[PDB]
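Report on one structure; see the data block that follows.
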Amino acid sequence: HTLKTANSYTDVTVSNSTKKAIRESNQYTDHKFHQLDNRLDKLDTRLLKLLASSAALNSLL
Amino acid sequence: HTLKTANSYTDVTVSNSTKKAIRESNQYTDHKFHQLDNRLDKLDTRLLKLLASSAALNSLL
Amino acid sequence: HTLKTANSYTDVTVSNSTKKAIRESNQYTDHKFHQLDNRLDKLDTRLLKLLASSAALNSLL
């Protein structure tokens, strides 16, 4: 029928758009994962050095 | 009409798919929230210890 | 045709719903960006002070 066909054009087309919204909304999640994951690696290295020196201190006494 | 019906099959079906893309794109946001929120709790505890010891140091003089 | 019209009601309507799922799934990403970005600025300031004092220590010897 013209229904069946319209109806299954919606089916196909919607299914491809769930898929699209997901792919893209994940992609922006991963933009800002990559953006705070960076500010962390930089805190971890600044803190690494802090543990280094304070191992050096404990050891002088 | 056959329009009205097709048209409102699209209505129903699309509305359920906005809903789906959201639910899932939130769910992946929460996968990677849970994944960096962890690396933080581990920096906070490593830093907690650093504050502990440096309270101990200040106090020795 | 009634197809063409139904078909292009789906077209319009779906396109507006990709757009919606995105806008909203980005908006929740930005809710929880803003929420861990905060816990970081608070670790950076707690750590700033730690670098301050340990510059003071190195300098006393």
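Using ideal geometry, Cβ is built from the backbone for each residue, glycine included, and neighbour counts are taken over all protein chains shown. No value in this document is a laboratory result; all are computed from the given coordinates.
Ordering C:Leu47, C:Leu61, B:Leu48, A:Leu57 by the number of other Cβ atoms within 10 Å of each residue's own Cβ, fewest first, gives C:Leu61, B:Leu48, A:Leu57, C:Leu47.
Label points for C:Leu48 are taken 7 Å from Cα along Cα→Cβ. From this copy to the others they lie 2.4, 2.4 nm apart, shortest first. Taking a straight Cα-Cα cut-off under 18 Å and skipping sequence neighbours fewer than 8 places away in the same chain, the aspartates and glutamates within cross-link reach of A:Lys42 are B:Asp37, B:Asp41, B:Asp44, C:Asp37, C:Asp41, C:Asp44. Bridgeable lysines around B:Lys20 (alpha carbons under 21 Å apart, same-chain partners fewer than 8 residues away excluded): A:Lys19, A:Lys20, B:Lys32, C:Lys19, C:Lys20, C:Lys32.
For peptide A:32-39, the mean count of partner chain Cβ atoms within 10 Å of a residue's Cβ comes to 5. Each label point was placed 7 Å from the Cα along the Cα-to-Cβ direction; for C:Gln27 and C:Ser8 their separation is 3.0 nm.
How many partner chain Cβ atoms sit within 10 Å of a residue's Cβ in peptide C:40-53, on average, as a whole number?
Counting other chains' Cβ atoms within 10 Å and averaging over C:40-53 gives 4.
Just to confirm the number: angle between the C-alpha axis of helix B:43-60 and the first principal axis of chain B, 0 to 90 degrees, nearest 10? Approximately 20 degrees, to the nearest 10.
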